[PDB]
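Peer 1:
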Ligand code: HEM
Ligand code: HEM
Ligand code: HEM
Ligand code: HEM
């Protein structure tokens with residue numbers, strides 16, 4: 001479960017992200033695409049190039065969902081319901097991929113937040129991303 | 001979540017298993033250790049030969065916990081609380097190991113249930129074992 | 001795939017009893033029921049709304065038969081899995097866009113069908129040699145992704 | 001591993017700026033705090049009561065310097081991770097009883113420590129080469145298990 005200290009470390013860390021959210025999202029998507037090439041099978045007709053306008057667009061939609069989840073840490077399932085229905089019924093992305101994206105978001109945050117990415121903080125963030133991933137696949141079957 | 005059909009299909013299957021539960025728990029363990037040998041690192045001072053009395057004794061314990069979980073399918077977290085504390089604070093088995101035992105418990109039942117191991121029943125058992133593995137690791141952090 | 005001499009013999013013996021057309025429809029049919037997100041690549045197939053609709057759909061059956069006929073060819077070239085599956089690897093990557101996790105899951109669904117189909121003869125030691133086969137076939141199918 | 005002429009060069013130039021003793025102390029303590037069940041092998045290390053105590057524990061740092069030197073040592077044999085880690089692979093199975101998943105988690109916590117320690121210099125492409133290295137070292141360490 002996420003605890004009070006988790007929820008505190010997460011809000012403070014995502015809060016520092018702020019308006020760079022969109023930028024961080026696209027880098028996390030690029031770190032993914034490059035370190036784990038099998039994830040590209042889900043974006044067959046995307047322009048996957050460094051600086052692609054399509055990747056920038058999608059990272060912003062991704063960062064924004066995480067913003068809403070942070071702001072509703074106390075009830076992510078209600079918070080992300082249009083989003084879990086869409087992933088379970090249309091997109092249908094395999095569950096192994098959300099671990100790959102989660103890692104890449106932590107690596108992106110570690111590289112941008114020197115002072116805020118302490119040991120206990122890194123630990124709360126890994127726990128919140130796993131929690132977000134479980135909710136997104138909770139209606140799969 | 002387990003659907004009304006899932007619940008109905010698991011009890012029907014587990015009831016068919018009936019008194020062979022302990023033996024099937026021992027057979028799944030042996031299927032486990034010969035197929036994915038890294039799992040043996042958790043039983044270093046055990047005699048793991050075929051028919052060993054330590055494997056037989058552990059199969060029984062494992063199978064009793066599942067029967068218990070089958071009787072409280074709508075109340076798993078409570079049902080399995082003492083075992084979730086034991087795995088989380090002492091044994092500390094890596095979570096990737098639980099997919100390996102779950103897969104080997106489905107092969108074991110399919111090998112012994114010609115008529116009851118239907119495609120709808122296979123589906124149900126696979127969701128159920130995954131939920132019992134999520135309760136068991138729920139307190140790891 | 002290092003299979004022991006004793007493992008190879010066993011894999012081939014079991015394999016001589018498999019009706020590829022019937023086991024292939026069953027394995028792809030169970031993939032679509034047990035992991036329903038896998039139905040994403042079959043929107044033109046019609047009814048896949050229930051276990052019975054997936055199991056009896058003539059398109060599921062016809063597809064299972066071609067998928068397993070190719071897999072059967074791998075079992076005949078166990079020391080060269082990567083070259084026997086290279087064309088199919090380039091096809092699942094560049095043209096059909098299929099995540100290779102899909103092969104590891106069908107592989108594991110296969111193991112369960114063989115256990116079901118054969119009973120007691122699918123012993124702990126035979127399972128382990130099949131597990132070596134399924135992982136090698138899936139590693140070979142993912143080999144040309146990029 | 002699988003690295004291109006260009007991946008090899010990105011990795012070696014970054015390693016040249018690493019103080020083996022500090023990063024090793026830093027990555028092992030992060031392992032012990034993000035995935036606490038990993039604490040099962042070091043109950044004689046004293047105080048492991050809070051992230052601050054695990055990180056500060058002198059035995060925590062000793063052990064960390066010890067594992068990071070054997071890893072550091074391995075970067076000189078990128079074309080043969082397997083044979084350079086065999087003896088330690090045998091020792092981690094047979095004498096120490098350590099599940100290999102622990103090597104992969106360590107590998108992946110280390111990538112986080114590299115990103116933290118280096119910042120923007122740990123780019124998308126450099127992360128990519130390091131991902132092949134850590135998965136290459138975990139796989140060689142899991143190699144001799146049986
Ligand atoms: C933390 C995890 C994730 C979050 C927050 C997330 C969020 C989103 C959002 C907000 C959308 C847009 C929906 C719309 O237009 O209405 C979306 C769509 C999509 N997602 Fe997810 N996603 C996650 C994980 C994944 C993963 C792991 C993959 C595959 C590796 C993925 C693949 C896709 C694709 C392909 C689309 C549609 C994109 C397009 O074709 O325009 N998602 N996701
Ligand atoms: C469905 C999953 C599982 C269930 C229901 C389960 C249940 C149990 C039970 C009932 C016990 C006995 C406690 C006692 O001594 O009274 C036990 C102990 C133990 N379990 Fe788990 N377990 C599961 C998964 C695993 C896995 C995947 C591993 C690691 C490969 C594991 C490793 C152990 C070990 C090492 C012990 C102590 C053995 C002994 O000294 O007898 N368990 N578990
Ligand atoms: C044992 C592993 C597999 C083997 C050997 C294999 C083989 C094949 C073959 C031989 C084709 C025919 C292509 C052509 O000429 O156009 C094919 C097509 C296809 N495969 Fe695979 N397959 C495997 C696993 C999978 C899985 C697990 C999925 C998805 C869940 C998948 C999805 C598809 C799709 C969507 C097509 C194109 C079908 C069509 O024409 O409607 N395959 N596969
Ligand atoms: C993946 C990179 C790793 C490398 C290269 C590595 C290497 C080593 C080396 C050189 C030793 C000393 C052997 C001797 O001369 O006796 C050692 C010991 C040990 N390692 Fe590893 N190790 C790694 C990861 C791990 C991890 C992740 C764990 C557990 C979480 C672990 C558990 C141990 C233990 C318990 C010892 C014995 C310590 C003692 O005697 O106090 N190792 N390892």
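Residue numbers (the entry's author numbering), protein chains in the order written: chain C, 1 to 141; chain A, 1 to 141; chain B, 1 to 146; chain D, 1 to 146. No residue lacks a Cβ here, since even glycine has one placed at the ideal position from N, Cα and C.
Could you spell out where the alpha helix (DSSP H) holding residue 42 of chain A opens and where it closes?
Peer 2: Where residue 42 of chain A is concerned, there is no enclosing alpha helix (DSSP H), given that its DSSP letter is neither H nor E.
Peer 1: Ordered along the chain, which non-local residues of its own chain (more than five positions away) have a Cβ less than 8 Å from that of residue 108 of chain A?
Peer 2: Only 24, 27, 28, 31 meet the Cβ criterion.
Peer 1: Three Cβ pairs or more, each shorter than 8 Å: is that satisfied between the segment 4–21 of chain D and the segment 102–115 of chain B?
Peer 2: Too few Cβ pairs lie closer than 8 Å, so no.
Peer 1: Do you know how far the Cα of residue 20 of chain C is from the Cα of residue 64 of chain C?
Peer 2: Computed Cα separation, rounded: 11 Å.
Peer 1: Looking at the C-beta of residue 132 of chain C, does it have a partner C-beta in chain B at a distance below 8 Å?
Peer 2: So, not an interface residue.
Peer 1: Using a Cβ-Cβ cut-off of 8 Å, state whether residue 96 of chain A counts as contacting chain D.
Peer 2: Taking Cβ atoms only, chain D reaches closer than 8 Å to residue 96 of chain A, which makes this a yes.
Peer 1: Roughly how many angstroms separate the alpha carbons of residue 44 of chain A and residue 97 of chain D, rounded to a whole number?
Peer 2: Taking the straight line joining both Cα atoms gives about 7 Å.
Peer 1: Would you check whether ligand 4 has a heavy atom nearer than 7 Å to the C-beta of residue 138 of chain D?
Peer 2: Yes, the beta carbon of residue 138 of chain D sits closer than 7 Å to at least one heavy atom of ligand 4.
Peer 1: Counting only beta-carbon atoms, is residue 120 of chain B nearer than 8 Å to chain A?
Peer 2: Judged by the 8 Å Cβ criterion, residue 120 of chain B is in contact with chain A.
Peer 1: Return no unless some Cβ of chain C is closer than 8 Å to the Cβ of residue 92 of chain A.
Peer 2: No - not a single Cβ of chain C is within 8 Å of the one on residue 92 of chain A.
Peer 1: Taking 7 Å as the cut-off, does the CB of residue 67 of chain B come closer than this to any heavy atom belonging to ligand 3?
Peer 2: It does: the Cβ of residue 67 of chain B is within 7 Å (strictly closer) of some heavy atom of ligand 3.
Peer 1: Chain C partners of residue 40 of chain B, CB-CB under 7 Å?
Peer 2: Per Cβ cutoff of 7 Å: 92.
Peer 1: Would you say residue 127 of chain A faces chain C, with C-beta separation under 8 Å as the test?
Peer 2: Closer than 8 Å: yes.
Peer 1: Between which two residues does the alpha helix (DSSP H) harbouring residue 99 of chain B extend?
Peer 2: Per DSSP, residue 99 of chain B belongs to no alpha helix (DSSP H) and is neither H nor E.
Peer 1: Along the chain, where does the alpha helix (DSSP H) containing residue 24 of chain B start, and where does it finish?
Peer 2: That run of the alpha helix (DSSP H) goes 20–34.
Peer 1: Would a C-beta distance cut-off of 8 Å place residue 41 of chain C and residue 99 of chain B closer than the cut-off?
Peer 2: Yes. Within cutoff.
Peer 1: Quick one: any contact between the segment 116–133 of chain C and the segment 52–64 of chain C, if contact means 3 or more CB pairs under 8 Å?
Peer 2: Too few Cβ pairs lie closer than 8 Å, so no.
Peer 1: Spatial neighbours of residue 143 of chain B within its chain, please: CB distance less than 6 Å, with the 5 preceding and 5 following residues excluded, ordered by chain position.
Peer 2: Correct list, in chain order: 82, 89.
Peer 1: Which of the three DSSP states, helix, strand or coil, is assigned to residue 141 of chain C?
Peer 2: Here residue 141 of chain C sits in coil by DSSP.
Peer 1: Determine contact between the segment 91–100 of chain A and the segment 15–30 of chain B, defined as no fewer than three beta-carbon pairs at a distance below 8 Å.
Peer 2: Not touching, per the Cβ criterion.
Peer 1: Could you name the residues of chain D that residue 8 of chain A contacts, counting a contact when the two beta carbons are closer than 7 Å?
Peer 2: Here the premise fails: no neighbours, minimum Cβ distance about 35 Å.
Peer 1: So, does the segment 124–136 of chain C touch the segment 73–81 of chain A, judging by three or more C-beta pairs under 8 Å?
Peer 2: They do not touch, by the three-pair rule.
Peer 1: Output, in chain order, the set of chain C residues within a Cβ distance shorter than 8 Å of residue 58 of chain D.
Peer 2: Per Cβ cutoff of 8 Å: no residues; residue 58 of chain D is ~17 Å from chain C at best.
Peer 1: Less than 8 Å between the CB atoms is what I'm expecting for residue 147 of chain D and residue 14 of chain D, so what's the real figure, rounded?
Peer 2: Only positions 1 to 146 of chain D appear in this structure, which leaves residue 147 of chain D out of reach.
Peer 1: Given residue 70 of chain B, which residues of its chain have a CB within under 7 Å of its CB, disregarding the five upstream and five downstream residues?
Peer 2: 88, listed in sequence order.
Peer 1: What residue range does the alpha helix (DSSP H) around residue 124 of chain A cover?
Peer 2: 119–136 is the extent of the alpha helix (DSSP H) around residue 124 of chain A.
Peer 1: At a threshold of 7 Å, does residue 23 of chain D count as lining ligand 4 (C-beta to nearest heavy atom)?
Peer 2: Outside the cutoff, so no.
Peer 1: Could you tell me if residue 34 of chain C is buried or exposed, where buried requires 16 or more neighbouring beta carbons within 10 angstroms of its beta carbon?
Peer 2: It counts as buried.
Peer 1: Less than 7 Å separating the Cβ of residue 55 of chain A from some heavy atom of ligand 2?
Peer 2: Flag unset: Cβ of residue 55 of chain A not near ligand 2.
Peer 1: What is the rounded straight-line gap between the Cα of residue 25 of chain B and the Cα of residue 10 of chain B?
Peer 2: Their backbone Cα atoms lie some 24 Å apart in a straight line.
Peer 1: Measure from the C-beta of residue 117 of chain A to each C-beta in chain B and report whether the shortest distance is under 8 Å.
Peer 2: For residue 117 of chain A, the answer is yes, since a Cβ of chain B falls inside 8 Å of its Cβ.
Peer 1: Would you kindly work out how many angstroms separate the C-alpha atoms of residue 93 of chain A and residue 105 of chain D, rounded to a whole number?
Peer 2: Residue 93 of chain A and residue 105 of chain D: Cα-Cα distance of roughly 14 Å.
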